[PDB]
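> coords08.txt is reproduced in full below (compact mmCIF, C-alpha atoms and all ligand atoms).
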```txt
# COMPACT_ATOMS: atom_id res chain seq x y z
CA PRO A 1 123.33 118.69 190.05
CA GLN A 2 121.16 119.20 187.01
CA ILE A 3 123.28 119.92 183.95
CA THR A 4 121.62 121.51 180.93
CA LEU A 5 122.97 120.81 177.47
CA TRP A 6 123.21 124.28 175.96
CA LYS A 7 126.98 123.85 176.16
CA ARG A 8 129.26 120.83 176.44
CA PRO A 9 128.82 119.09 179.84
CA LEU A 10 132.40 119.45 181.03
CA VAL A 11 133.47 118.66 184.55
CA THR A 12 136.70 118.48 186.50
CA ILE A 13 138.01 114.99 187.25
CA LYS A 14 140.88 113.72 189.36
CA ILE A 15 142.69 110.72 187.90
CA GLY A 16 146.20 109.39 188.63
CA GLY A 17 146.80 112.37 190.96
CA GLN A 18 146.06 114.82 188.11
CA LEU A 19 143.18 117.23 187.48
CA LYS A 20 141.65 117.15 184.01
CA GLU A 21 138.59 118.53 182.24
CA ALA A 22 136.31 115.82 180.78
CA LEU A 23 133.04 115.51 178.95
CA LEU A 24 130.10 113.64 180.51
CA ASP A 25 129.28 111.46 177.52
CA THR A 26 126.22 109.23 177.34
CA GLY A 27 127.22 108.20 173.83
CA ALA A 28 130.50 106.56 175.01
CA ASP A 29 130.43 103.04 176.37
CA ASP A 30 133.72 103.55 178.22
CA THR A 31 135.91 106.31 179.56
CA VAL A 32 138.74 107.52 177.31
CA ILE A 33 141.49 109.88 178.57
CA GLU A 34 144.35 111.60 176.74
CA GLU A 35 147.86 110.25 177.15
CA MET A 36 148.95 109.92 180.77
CA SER A 37 150.61 107.34 182.99
CA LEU A 38 148.49 105.03 185.18
CA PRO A 39 149.67 102.29 187.54
CA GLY A 40 149.26 98.57 187.05
CA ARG A 41 148.74 96.24 184.12
CA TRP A 42 147.19 97.19 180.82
CA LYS A 43 146.29 95.64 177.48
CA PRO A 44 145.88 97.11 174.01
CA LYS A 45 142.47 97.84 172.52
CA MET A 46 141.07 99.52 169.41
CA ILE A 47 138.01 101.82 169.78
CA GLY A 48 136.06 103.35 166.92
CA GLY A 49 133.86 106.34 166.29
CA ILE A 50 133.40 109.16 163.82
CA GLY A 51 136.59 109.29 161.77
CA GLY A 52 137.57 105.62 162.54
CA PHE A 53 139.59 103.86 165.21
CA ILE A 54 142.36 104.71 167.67
CA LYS A 55 144.61 102.39 169.63
CA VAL A 56 144.37 102.77 173.41
CA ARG A 57 145.75 101.14 176.56
CA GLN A 58 143.07 99.54 178.74
CA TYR A 59 143.63 99.92 182.48
CA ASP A 60 141.21 98.19 184.82
CA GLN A 61 140.18 99.08 188.40
CA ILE A 62 141.17 102.76 188.19
CA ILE A 63 139.70 105.27 190.67
CA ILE A 64 138.44 108.59 189.30
CA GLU A 65 136.79 111.43 191.17
CA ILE A 66 134.18 112.95 188.84
CA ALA A 67 132.88 116.38 189.90
CA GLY A 68 133.46 115.29 193.52
CA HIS A 69 132.03 111.72 193.18
CA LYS A 70 134.37 108.72 193.46
CA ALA A 71 134.01 105.82 191.04
CA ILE A 72 136.13 102.84 190.00
CA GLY A 73 136.36 101.16 186.62
CA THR A 74 138.14 100.72 183.32
CA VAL A 75 139.95 103.69 181.78
CA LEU A 76 141.19 103.70 178.18
CA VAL A 77 144.24 105.92 177.55
CA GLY A 78 145.24 107.14 174.14
CA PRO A 79 145.06 109.89 171.50
CA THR A 80 141.47 111.00 172.05
CA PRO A 81 140.84 114.65 171.09
CA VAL A 82 138.71 115.15 174.24
CA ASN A 83 138.71 113.44 177.65
CA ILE A 84 135.44 111.44 177.84
CA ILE A 85 133.62 110.03 180.88
CA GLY A 86 131.59 107.18 179.46
CA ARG A 87 128.73 105.10 180.73
CA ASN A 88 130.96 102.67 182.61
CA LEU A 89 131.69 105.46 185.12
CA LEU A 90 128.52 107.60 184.68
CA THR A 91 126.47 104.71 186.11
CA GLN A 92 128.61 104.62 189.23
CA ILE A 93 127.90 108.26 190.08
CA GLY A 94 124.16 107.74 189.48
CA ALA A 95 123.93 109.88 186.34
CA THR A 96 120.69 109.81 184.35
CA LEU A 97 119.35 111.58 181.30
CA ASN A 98 115.97 113.18 182.01
CA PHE A 99 113.31 114.67 179.75
CA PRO B 1 111.60 109.60 181.24
CA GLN B 2 114.61 109.07 183.47
CA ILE B 3 117.12 107.04 181.52
CA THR B 4 119.85 105.17 183.36
CA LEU B 5 123.09 104.34 181.57
CA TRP B 6 123.68 100.65 182.25
CA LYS B 7 122.84 100.10 178.59
CA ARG B 8 123.25 102.38 175.61
CA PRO B 9 120.51 105.11 175.65
CA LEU B 10 118.93 104.06 172.39
CA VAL B 11 115.60 105.49 171.28
CA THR B 12 113.40 105.41 168.25
CA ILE B 13 113.37 108.51 166.05
CA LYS B 14 111.17 109.38 163.11
CA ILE B 15 112.59 111.36 160.22
CA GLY B 16 111.17 111.51 156.69
CA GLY B 17 108.27 109.25 157.80
CA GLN B 18 110.77 106.48 158.67
CA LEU B 19 111.57 104.98 162.06
CA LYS B 20 115.26 104.63 162.97
CA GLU B 21 117.25 103.78 166.07
CA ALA B 22 119.50 106.48 167.51
CA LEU B 23 121.75 107.05 170.50
CA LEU B 24 121.15 109.95 172.91
CA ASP B 25 124.63 111.44 172.98
CA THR B 26 125.53 114.24 175.41
CA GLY B 27 129.10 114.16 174.04
CA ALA B 28 127.91 115.13 170.54
CA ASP B 29 127.47 118.82 169.73
CA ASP B 30 125.57 117.83 166.59
CA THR B 31 123.03 115.22 165.47
CA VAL B 32 124.57 112.90 162.84
CA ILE B 33 122.56 110.28 160.92
CA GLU B 34 123.55 107.59 158.45
CA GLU B 35 123.05 108.13 154.71
CA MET B 36 119.43 108.95 153.86
CA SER B 37 117.44 111.29 151.63
CA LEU B 38 116.38 114.64 153.10
CA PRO B 39 114.66 117.55 151.38
CA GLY B 40 116.12 120.90 150.44
CA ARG B 41 119.62 122.25 150.08
CA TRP B 42 122.57 121.19 152.13
CA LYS B 43 125.74 122.93 153.27
CA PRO B 44 129.16 121.37 153.95
CA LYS B 45 130.45 120.67 157.44
CA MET B 46 133.56 119.01 158.80
CA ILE B 47 133.15 117.28 162.12
CA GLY B 48 135.86 115.82 164.34
CA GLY B 49 135.26 112.60 166.14
CA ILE B 50 137.42 110.22 168.08
CA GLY B 51 139.25 108.89 164.99
CA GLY B 52 139.54 112.07 162.93
CA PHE B 53 137.51 114.55 160.81
CA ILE B 54 134.80 113.52 158.31
CA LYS B 55 132.72 115.40 155.82
CA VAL B 56 128.93 115.48 156.29
CA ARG B 57 125.97 117.13 154.64
CA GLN B 58 124.21 119.72 156.80
CA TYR B 59 120.44 120.04 156.46
CA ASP B 60 118.72 122.74 158.48
CA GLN B 61 115.19 122.99 159.89
CA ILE B 62 114.41 119.25 159.51
CA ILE B 63 111.36 117.82 161.30
CA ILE B 64 112.41 114.94 163.56
CA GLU B 65 110.64 113.10 166.40
CA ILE B 66 112.88 111.75 169.17
CA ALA B 67 111.36 109.25 171.61
CA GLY B 68 107.98 110.82 170.85
CA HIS B 69 109.15 114.42 171.28
CA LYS B 70 108.93 116.78 168.31
CA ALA B 71 112.00 118.73 167.27
CA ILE B 72 112.87 120.85 164.21
CA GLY B 73 116.54 121.50 163.59
CA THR B 74 119.83 120.66 162.04
CA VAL B 75 120.64 117.13 160.93
CA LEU B 76 124.06 116.13 159.60
CA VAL B 77 124.14 113.17 157.20
CA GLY B 78 127.28 111.12 156.68
CA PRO B 79 129.39 108.07 157.59
CA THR B 80 128.66 107.89 161.28
CA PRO B 81 128.91 104.40 162.96
CA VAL B 82 125.52 104.89 164.62
CA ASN B 83 122.80 107.49 164.46
CA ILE B 84 123.51 110.04 167.21
CA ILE B 85 121.20 112.65 168.70
CA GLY B 86 123.44 115.50 169.83
CA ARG B 87 122.93 118.50 172.04
CA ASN B 88 121.35 120.65 169.34
CA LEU B 89 118.27 118.39 169.55
CA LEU B 90 118.63 117.16 173.11
CA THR B 91 118.04 120.76 174.20
CA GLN B 92 114.89 120.90 172.06
CA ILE B 93 113.39 117.88 173.89
CA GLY B 94 114.31 119.35 177.31
CA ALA B 95 116.99 116.81 178.21
CA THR B 96 119.31 117.29 181.17
CA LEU B 97 121.95 115.21 182.88
CA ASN B 98 121.31 114.58 186.56
CA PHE B 99 123.34 113.11 189.44
CL CL C 1 134.31 99.39 184.00
CL CL C 2 120.73 103.01 189.01
CL CL C 3 119.58 122.80 165.44
NA NA C 4 144.54 97.78 187.02
```
Please re-express this file's structure in structure tokens.
Ligand SMILES: [Cl-]
Ligand SMILES: [Cl-]
Ligand SMILES: [Cl-]
Ligand code: NA

Amino acid sequence: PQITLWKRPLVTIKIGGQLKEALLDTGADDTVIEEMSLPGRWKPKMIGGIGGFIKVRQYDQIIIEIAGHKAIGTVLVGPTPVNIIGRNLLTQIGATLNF
Amino acid sequence: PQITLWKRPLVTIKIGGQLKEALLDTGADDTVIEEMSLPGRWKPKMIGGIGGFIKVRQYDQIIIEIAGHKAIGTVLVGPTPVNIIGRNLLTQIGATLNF
């Protein structure tokens, strides 16, 4: 699809057997999801943006389906105000910014 | 251009006759720039990022060039970690997300 930017570019994702709404975010290096359980090992990480840092759990090799497109990569879980699909997964679905 | 997302989508902007680096950020409603001098009056705005809410100065109808494309619109000035070009100006330069 071609997604204009008049409104937030929100899509439905499937992660950990759950459907969520998430923002396609070219300004995020990695994908950050609100609190949920994921399988496997994790390690703590701090990520920073406007307003400072939050502590997240880093899960590697997690499958997401993003607007129908499967990808695998790292997912950070923690108290983000919005679910964010970052570049680590946007690349895998072939997303580009065009102008 | 067609910008892939393997690296951060950084571009050069020109604002107040000065070149700066900024990040094309589909996850930002608003364009937010680091402390600088802009003309005219400003209005207060609270924005919420990943780590919490910050105060910024809102300047309207500011001339800004983004990757060679001319825009005129709202610029927020405050303690952002990086200069971000949000959807208010991405729409002005005709940017879309494509996959
Ligand atoms: Cl990854
Ligand atoms: Cl590619
Ligand atoms: Cl504007
Ligand atoms: Na894992």
> What is the distance, in Å and to one decimal place, between atom CA of residue B:67 and atom CA of residue B:55?
27.3 Å
> Could I get the residue neighbourhood of ligand CL 1 (chain C) at 7 Å, counting all atoms listed in the file, as a list in words?
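Using all atoms listed in the file, everything at most 7 Å from ligand CL 1 (chain C) comes to residues 73, 74, 88 and 89 of chain A.
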> Stretch 6-14 of chain B: which residues within 12 Å, counting only C-alpha atoms, same-chain residues fewer than 4 positions away excluded, as a VMD selection string?
(chain A and resid 25 to 30 86 to 98) or (chain B and resid 1 to 2 18 to 26 31 33 62 to 72 82 to 85 89)
> Within 12 Å of residue B:40, counting only C-alpha atoms, which residues qualify if same-chain residues fewer than 4 places away don't, as a list in words?
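Result of the neighbour search: residues 57, 58, 59, 60, 61 and 62 of chain B.
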> Selected residues, C-alpha atoms, written as a PDB file, in the coordinates of the input, please.

```
ATOM      1  CA  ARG B  57     125.970 117.130 154.640  1.00  0.00           C
ATOM      2  CA  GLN B  58     124.210 119.720 156.800  1.00  0.00           C
ATOM      3  CA  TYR B  59     120.440 120.040 156.460  1.00  0.00           C
ATOM      4  CA  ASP B  60     118.720 122.740 158.480  1.00  0.00           C
ATOM      5  CA  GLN B  61     115.190 122.990 159.890  1.00  0.00           C
ATOM      6  CA  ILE B  62     114.410 119.250 159.510  1.00  0.00           C
TER       7      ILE B  62
END
```
> Can you move chain A onto chain B by a least-squares fit over all C-alpha atoms paired in order, then give me the moved copy as an mmCIF file with C-alpha atoms, keeping the file's coordinate frame?

```
data_model
loop_
_atom_site.group_PDB
_atom_site.id
_atom_site.type_symbol
_atom_site.label_atom_id
_atom_site.label_comp_id
_atom_site.auth_asym_id
_atom_site.auth_seq_id
_atom_site.Cartn_x
_atom_site.Cartn_y
_atom_site.Cartn_z
ATOM 1 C CA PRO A 1 111.348 109.232 181.308
ATOM 2 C CA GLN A 2 114.422 108.618 183.402
ATOM 3 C CA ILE A 3 117.044 106.728 181.420
ATOM 4 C CA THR A 4 119.828 104.974 183.311
ATOM 5 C CA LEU A 5 123.205 104.525 181.675
ATOM 6 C CA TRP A 6 123.946 100.860 182.302
ATOM 7 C CA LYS A 7 123.462 100.365 178.566
ATOM 8 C CA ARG A 8 123.575 102.702 175.579
ATOM 9 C CA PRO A 9 120.662 105.208 175.686
ATOM 10 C CA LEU A 10 119.072 104.237 172.386
ATOM 11 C CA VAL A 11 115.697 105.497 171.298
ATOM 12 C CA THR A 12 113.511 105.291 168.224
ATOM 13 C CA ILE A 13 113.360 108.418 166.066
ATOM 14 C CA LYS A 14 111.276 109.365 163.055
ATOM 15 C CA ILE A 15 113.127 111.414 160.451
ATOM 16 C CA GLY A 16 112.336 111.950 156.748
ATOM 17 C CA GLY A 17 109.401 109.511 157.065
ATOM 18 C CA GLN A 18 111.752 106.753 158.306
ATOM 19 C CA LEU A 19 112.163 105.064 161.694
ATOM 20 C CA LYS A 20 115.712 104.750 162.995
ATOM 21 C CA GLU A 21 117.461 103.823 166.233
ATOM 22 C CA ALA A 22 119.663 106.622 167.644
ATOM 23 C CA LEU A 23 121.835 107.326 170.631
ATOM 24 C CA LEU A 24 120.990 110.172 173.032
ATOM 25 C CA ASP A 25 124.427 111.766 173.112
ATOM 26 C CA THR A 26 125.362 114.593 175.457
ATOM 27 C CA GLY A 27 128.891 114.532 174.068
ATOM 28 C CA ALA A 28 127.747 115.518 170.524
ATOM 29 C CA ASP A 29 127.145 119.155 169.713
ATOM 30 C CA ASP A 30 124.911 118.262 166.761
ATOM 31 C CA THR A 31 122.825 115.411 165.445
ATOM 32 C CA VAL A 32 124.488 113.062 162.945
ATOM 33 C CA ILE A 33 122.506 110.430 160.979
ATOM 34 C CA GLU A 34 123.652 107.686 158.604
ATOM 35 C CA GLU A 35 123.176 108.170 154.882
ATOM 36 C CA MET A 36 119.609 109.013 153.901
ATOM 37 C CA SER A 37 117.805 111.522 151.712
ATOM 38 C CA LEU A 38 116.354 114.717 153.233
ATOM 39 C CA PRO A 39 114.495 117.528 151.470
ATOM 40 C CA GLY A 40 115.770 121.027 150.853
ATOM 41 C CA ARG A 41 119.150 122.701 150.607
ATOM 42 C CA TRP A 42 122.326 121.460 152.210
ATOM 43 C CA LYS A 43 125.984 122.402 152.519
ATOM 44 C CA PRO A 44 129.106 120.348 153.155
ATOM 45 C CA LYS A 45 130.749 120.182 156.569
ATOM 46 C CA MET A 46 133.577 118.258 158.230
ATOM 47 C CA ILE A 47 133.054 116.940 161.805
ATOM 48 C CA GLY A 48 135.724 115.350 163.966
ATOM 49 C CA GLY A 49 135.949 112.944 166.853
ATOM 50 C CA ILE A 50 137.827 109.853 167.940
ATOM 51 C CA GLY A 51 139.478 108.475 164.814
ATOM 52 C CA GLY A 52 139.377 111.859 162.927
ATOM 53 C CA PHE A 53 136.932 113.605 160.628
ATOM 54 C CA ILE A 54 134.087 112.658 158.294
ATOM 55 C CA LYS A 55 132.425 114.716 155.594
ATOM 56 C CA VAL A 56 128.690 115.260 156.090
ATOM 57 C CA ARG A 57 125.815 117.151 154.464
ATOM 58 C CA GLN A 58 124.285 119.814 156.713
ATOM 59 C CA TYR A 59 120.509 120.148 156.436
ATOM 60 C CA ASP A 60 118.824 122.905 158.407
ATOM 61 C CA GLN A 61 115.259 123.121 159.791
ATOM 62 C CA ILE A 62 114.616 119.359 159.808
ATOM 63 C CA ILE A 63 111.837 117.914 161.999
ATOM 64 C CA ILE A 64 112.622 114.797 164.037
ATOM 65 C CA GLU A 65 110.388 112.950 166.463
ATOM 66 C CA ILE A 66 112.609 111.653 169.280
ATOM 67 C CA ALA A 67 111.009 108.983 171.490
ATOM 68 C CA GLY A 68 107.647 110.670 170.798
ATOM 69 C CA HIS A 69 108.847 114.316 171.210
ATOM 70 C CA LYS A 70 108.951 116.619 168.171
ATOM 71 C CA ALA A 71 111.934 118.903 167.641
ATOM 72 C CA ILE A 72 113.341 120.949 164.761
ATOM 73 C CA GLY A 73 116.952 121.722 163.946
ATOM 74 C CA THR A 74 120.077 120.956 161.972
ATOM 75 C CA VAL A 75 120.792 117.362 160.953
ATOM 76 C CA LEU A 76 124.173 116.241 159.606
ATOM 77 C CA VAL A 77 124.030 113.245 157.233
ATOM 78 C CA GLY A 78 127.003 111.087 156.447
ATOM 79 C CA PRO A 79 129.033 107.953 157.238
ATOM 80 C CA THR A 80 128.630 107.929 161.015
ATOM 81 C CA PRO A 81 128.885 104.434 162.551
ATOM 82 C CA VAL A 82 125.929 105.197 164.872
ATOM 83 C CA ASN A 83 122.955 107.567 164.564
ATOM 84 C CA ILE A 84 123.504 110.313 167.189
ATOM 85 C CA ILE A 85 121.012 112.774 168.697
ATOM 86 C CA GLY A 86 123.178 115.651 169.832
ATOM 87 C CA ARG A 87 122.650 118.610 172.087
ATOM 88 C CA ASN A 88 121.090 120.759 169.374
ATOM 89 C CA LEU A 89 118.005 118.506 169.523
ATOM 90 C CA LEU A 90 118.315 117.186 173.126
ATOM 91 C CA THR A 91 117.715 120.741 174.393
ATOM 92 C CA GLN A 92 114.481 120.984 172.443
ATOM 93 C CA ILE A 93 112.983 117.921 174.132
ATOM 94 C CA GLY A 94 114.047 119.214 177.569
ATOM 95 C CA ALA A 95 116.693 116.557 178.225
ATOM 96 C CA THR A 96 118.970 116.991 181.240
ATOM 97 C CA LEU A 97 121.714 114.981 182.869
ATOM 98 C CA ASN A 98 121.035 114.478 186.581
ATOM 99 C CA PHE A 99 123.199 113.237 189.441
#
```
> Work out how far apart atom CA of residue A:54 and atom CA of residue A:38 are and give it in Å to one decimal.
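Going from atom CA of residue A:54 over to atom CA of residue A:38 covers 18.6 Å.
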> Might you pull out every residue within 10 Å of residue A:50, with all atoms listed in the file counted and same-chain residues fewer than 3 positions away left off, and present them as a list in words?
residues 53 of chain A; 32, 47, 48, 49, 50, 51, 52, 53, 54, 78, 79, 80, 81 and 82 of chain B
> Saving stretch 29-55 of chain B with N, CA, C and O atoms, as a PDB file, in the first residue's frame, what would that file be?

```
ATOM      1  N   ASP B  29       3.918  13.412  15.288  1.00  0.00           N
ATOM      2  CA  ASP B  29       2.874  14.275  14.768  1.00  0.00           C
ATOM      3  C   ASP B  29       3.456  15.607  14.296  1.00  0.00           C
ATOM      4  O   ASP B  29       3.008  16.177  13.301  1.00  0.00           O
ATOM      5  N   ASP B  30       4.441  16.070  15.078  1.00  0.00           N
ATOM      6  CA  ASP B  30       4.990  17.419  15.093  1.00  0.00           C
ATOM      7  C   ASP B  30       6.484  17.415  14.845  1.00  0.00           C
ATOM      8  O   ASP B  30       7.179  16.452  15.146  1.00  0.00           O
ATOM      9  N   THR B  31       6.953  18.473  14.192  1.00  0.00           N
ATOM     10  CA  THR B  31       8.380  18.735  13.973  1.00  0.00           C
ATOM     11  C   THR B  31       8.946  19.408  15.208  1.00  0.00           C
ATOM     12  O   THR B  31       8.377  20.422  15.675  1.00  0.00           O
ATOM     13  N   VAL B  32      10.040  18.852  15.751  1.00  0.00           N
ATOM     14  CA  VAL B  32      10.658  19.313  16.998  1.00  0.00           C
ATOM     15  C   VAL B  32      12.159  19.464  16.713  1.00  0.00           C
ATOM     16  O   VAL B  32      12.786  18.516  16.296  1.00  0.00           O
ATOM     17  N   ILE B  33      12.678  20.641  17.006  1.00  0.00           N
ATOM     18  CA  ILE B  33      14.071  20.999  16.760  1.00  0.00           C
ATOM     19  C   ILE B  33      14.713  21.429  18.080  1.00  0.00           C
ATOM     20  O   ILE B  33      14.043  21.983  18.955  1.00  0.00           O
ATOM     21  N   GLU B  34      16.009  21.182  18.175  1.00  0.00           N
ATOM     22  CA  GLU B  34      16.819  21.611  19.296  1.00  0.00           C
ATOM     23  C   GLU B  34      16.840  23.143  19.411  1.00  0.00           C
ATOM     24  O   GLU B  34      16.554  23.863  18.452  1.00  0.00           O
ATOM     25  N   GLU B  35      17.176  23.614  20.612  1.00  0.00           N
ATOM     26  CA  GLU B  35      17.226  25.034  20.916  1.00  0.00           C
ATOM     27  C   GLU B  35      17.891  25.817  19.788  1.00  0.00           C
ATOM     28  O   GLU B  35      19.009  25.513  19.378  1.00  0.00           O
ATOM     29  N   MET B  36      17.193  26.856  19.343  1.00  0.00           N
ATOM     30  CA  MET B  36      17.663  27.782  18.328  1.00  0.00           C
ATOM     31  C   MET B  36      16.769  29.018  18.412  1.00  0.00           C
ATOM     32  O   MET B  36      15.706  29.003  19.051  1.00  0.00           O
ATOM     33  N   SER B  37      17.223  30.090  17.752  1.00  0.00           N
ATOM     34  CA  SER B  37      16.495  31.333  17.656  1.00  0.00           C
ATOM     35  C   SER B  37      15.588  31.319  16.430  1.00  0.00           C
ATOM     36  O   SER B  37      16.063  31.082  15.312  1.00  0.00           O
ATOM     37  N   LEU B  38      14.296  31.600  16.628  1.00  0.00           N
ATOM     38  CA  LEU B  38      13.355  31.782  15.539  1.00  0.00           C
ATOM     39  C   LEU B  38      12.641  33.097  15.750  1.00  0.00           C
ATOM     40  O   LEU B  38      12.493  33.551  16.893  1.00  0.00           O
ATOM     41  N   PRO B  39      12.129  33.692  14.651  1.00  0.00           N
ATOM     42  CA  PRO B  39      11.470  34.981  14.729  1.00  0.00           C
ATOM     43  C   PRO B  39      10.034  34.841  15.200  1.00  0.00           C
ATOM     44  O   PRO B  39       9.389  33.812  14.991  1.00  0.00           O
ATOM     45  N   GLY B  40       9.525  35.962  15.734  1.00  0.00           N
ATOM     46  CA  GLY B  40       8.113  36.098  16.037  1.00  0.00           C
ATOM     47  C   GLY B  40       7.755  35.633  17.447  1.00  0.00           C
ATOM     48  O   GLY B  40       8.599  35.342  18.291  1.00  0.00           O
ATOM     49  N   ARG B  41       6.448  35.549  17.658  1.00  0.00           N
ATOM     50  CA  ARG B  41       5.934  35.087  18.930  1.00  0.00           C
ATOM     51  C   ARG B  41       5.819  33.578  18.912  1.00  0.00           C
ATOM     52  O   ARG B  41       5.677  32.940  17.899  1.00  0.00           O
ATOM     53  N   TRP B  42       5.878  33.031  20.122  1.00  0.00           N
ATOM     54  CA  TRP B  42       5.657  31.614  20.327  1.00  0.00           C
ATOM     55  C   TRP B  42       4.512  31.416  21.305  1.00  0.00           C
ATOM     56  O   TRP B  42       4.175  32.283  22.092  1.00  0.00           O
ATOM     57  N   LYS B  43       3.994  30.176  21.240  1.00  0.00           N
ATOM     58  CA  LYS B  43       2.893  29.691  22.060  1.00  0.00           C
ATOM     59  C   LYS B  43       3.366  28.429  22.783  1.00  0.00           C
ATOM     60  O   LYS B  43       4.237  27.715  22.311  1.00  0.00           O
ATOM     61  N   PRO B  44       2.798  28.107  23.943  1.00  0.00           N
ATOM     62  CA  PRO B  44       3.239  26.928  24.680  1.00  0.00           C
ATOM     63  C   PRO B  44       2.609  25.655  24.119  1.00  0.00           C
ATOM     64  O   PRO B  44       1.471  25.682  23.634  1.00  0.00           O
ATOM     65  N   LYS B  45       3.362  24.549  24.220  1.00  0.00           N
ATOM     66  CA  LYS B  45       2.813  23.252  23.860  1.00  0.00           C
ATOM     67  C   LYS B  45       3.513  22.231  24.733  1.00  0.00           C
ATOM     68  O   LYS B  45       4.695  22.369  25.022  1.00  0.00           O
ATOM     69  N   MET B  46       2.714  21.229  25.148  1.00  0.00           N
ATOM     70  CA  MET B  46       3.201  20.064  25.856  1.00  0.00           C
ATOM     71  C   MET B  46       3.161  18.911  24.874  1.00  0.00           C
ATOM     72  O   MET B  46       2.120  18.712  24.248  1.00  0.00           O
ATOM     73  N   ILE B  47       4.292  18.229  24.702  1.00  0.00           N
ATOM     74  CA  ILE B  47       4.260  17.040  23.880  1.00  0.00           C
ATOM     75  C   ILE B  47       4.684  15.852  24.737  1.00  0.00           C
ATOM     76  O   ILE B  47       5.615  15.979  25.544  1.00  0.00           O
ATOM     77  N   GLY B  48       4.154  14.685  24.333  1.00  0.00           N
ATOM     78  CA  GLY B  48       4.403  13.434  25.032  1.00  0.00           C
ATOM     79  C   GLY B  48       5.236  12.513  24.143  1.00  0.00           C
ATOM     80  O   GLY B  48       4.764  12.059  23.110  1.00  0.00           O
ATOM     81  N   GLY B  49       6.380  12.150  24.619  1.00  0.00           N
ATOM     82  CA  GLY B  49       7.220  11.228  23.942  1.00  0.00           C
ATOM     83  C   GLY B  49       7.325   9.897  24.710  1.00  0.00           C
ATOM     84  O   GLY B  49       6.627   9.599  25.694  1.00  0.00           O
ATOM     85  N   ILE B  50       8.343   9.134  24.375  1.00  0.00           N
ATOM     86  CA  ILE B  50       8.434   7.812  24.916  1.00  0.00           C
ATOM     87  C   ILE B  50       8.630   7.916  26.415  1.00  0.00           C
ATOM     88  O   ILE B  50       8.141   7.054  27.136  1.00  0.00           O
ATOM     89  N   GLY B  51       9.332   8.959  26.919  1.00  0.00           N
ATOM     90  CA  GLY B  51       9.798   8.948  28.311  1.00  0.00           C
ATOM     91  C   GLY B  51       8.961   9.830  29.226  1.00  0.00           C
ATOM     92  O   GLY B  51       9.061   9.791  30.444  1.00  0.00           O
ATOM     93  N   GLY B  52       8.003  10.508  28.632  1.00  0.00           N
ATOM     94  CA  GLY B  52       7.163  11.497  29.305  1.00  0.00           C
ATOM     95  C   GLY B  52       6.923  12.771  28.496  1.00  0.00           C
ATOM     96  O   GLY B  52       7.209  12.793  27.322  1.00  0.00           O
ATOM     97  N   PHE B  53       6.296  13.776  29.119  1.00  0.00           N
ATOM     98  CA  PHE B  53       5.848  15.026  28.524  1.00  0.00           C
ATOM     99  C   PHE B  53       6.932  16.083  28.721  1.00  0.00           C
ATOM    100  O   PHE B  53       7.481  16.163  29.834  1.00  0.00           O
ATOM    101  N   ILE B  54       7.157  16.940  27.695  1.00  0.00           N
ATOM    102  CA  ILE B  54       8.097  18.045  27.835  1.00  0.00           C
ATOM    103  C   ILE B  54       7.369  19.275  27.350  1.00  0.00           C
ATOM    104  O   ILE B  54       6.490  19.160  26.522  1.00  0.00           O
ATOM    105  N   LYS B  55       7.870  20.397  27.819  1.00  0.00           N
ATOM    106  CA  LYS B  55       7.443  21.691  27.290  1.00  0.00           C
ATOM    107  C   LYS B  55       8.300  22.160  26.112  1.00  0.00           C
ATOM    108  O   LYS B  55       9.518  22.065  26.124  1.00  0.00           O
TER     109      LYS B  55
END
```
